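There is one chain below, alone, in structure tokens, taken in the form deposited in one PDB entry.
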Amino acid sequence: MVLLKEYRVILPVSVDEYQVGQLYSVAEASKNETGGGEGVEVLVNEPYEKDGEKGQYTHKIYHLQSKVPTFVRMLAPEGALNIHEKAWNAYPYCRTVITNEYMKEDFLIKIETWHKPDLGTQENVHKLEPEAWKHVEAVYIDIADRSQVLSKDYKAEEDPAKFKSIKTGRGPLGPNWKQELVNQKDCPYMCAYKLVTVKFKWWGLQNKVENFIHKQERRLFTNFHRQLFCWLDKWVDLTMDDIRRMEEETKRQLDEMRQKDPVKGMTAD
């Protein structure tokens, strides 16, 4: 037994800018959560060959102490957690698997994403078998709706409902932002269908932890995409190679941030 939810993020950007946007934003975000000995450590970032499928592979470590609640922290005597994240990014499809050495296969967060040029209208894009599909909650994340942000997390500068791109004129995103999007030609949009699979088989904490992760993943996909957008002007002119170099700089910066910096980031639920 295992808990499955698909997050549907509609965005006012093209499947092709998104490829770059995301990649940039993963790094910015990584940096905003690293410090105090917590956050992101990159170990591997390189192209791969499965033979027929080509794309980029990463192996990261997420370091967690205080940014998670007491009851998670307490799963380990050292009061501290490393979770390993191996990802195969074959944009427009990505498969991400988070595991924990100390736990065999009783623990798993897996994210499977398909980026598609529509408005989230596709049921079961991931072609799951029908019984399993029956148990999937589909959740829409609206990057405009401020009710969807945790108060602690809100920032007017990370708010799409308040941002206008100077480089492209997109924004800011009013309550109808969607309906409007449908009304005009020179308006791209995609949906990220992120299927998240959570497994945590541990006596008496399974439902509790499973649900906590889904709520934390959802918080992330919400701030992240808010930020992706409010960050348009920073990545909208960027090349893949402009990105791979960022990635390199960022591997070292994170290694320096996590050591020399205060705790920053999201603070946990």
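In this text, the rigid core denotes the largest set of C-alpha atoms whose superposition between the two forms falls within 1.5 Å. Position 1 is the first residue in the sequence shown; the rest follow in order. Shifts are known only where both forms have a C-alpha.
Omitted here: the form deposited in another entry. The next part is about that form.
S.K.: Core-aligned, between the shown form and the other one, one residue among 74, 103, 119, 138 moves its CA by 2 Å or more. Tell me which.
M.R.: Among the listed residues, the outlier is 74.
S.K.: Do you see a C-alpha shift of 2 Å or more at residue 17 between the shown form and the other one, with the core held fixed?
M.R.: The answer is no, as the C-alpha of residue 17 shifts between the shown form and the other one by less than 2 Å after core alignment.
S.K.: Align both forms on the core first, then report whether residue 50 has a C-alpha shift of 2 Å or more between the shown form and the other one.
M.R.: After core superposition, the C-alpha of residue 50 moves 2 Å or more between the shown form and the other one.
S.K.: Note yes or no: does the Cα of residue 227 move by 2 Å or more between the shown form and the other one after the core is superposed?
M.R.: Shift at residue 227: below 2 Å after core fit.
S.K.: Would one find the Cα atoms of residue 74 and residue 198 closer or farther in the other form than in this form, where their distance changes by 3 Å or more?
M.R.: Residues separate in the other form, at least 3 Å farther apart.
S.K.: Since the Cα-Cα distance for residue 65 and residue 218 shifts by 3 angstroms or more in the other form, is it a contraction (closer) or an expansion (farther)?
M.R.: Relative to the displayed form, residue 65 and residue 218 move farther apart in the other form - a change of at least 3 Å between their C-alphas.
S.K.: With a 2 Å cutoff on C-alpha displacement after fitting the rigid core, which stretches of 3 or more consecutive residues move between the shown form and the other one?
M.R.: Three-plus residue runs displaced between the shown form and the other one: 29-86, 245-253.
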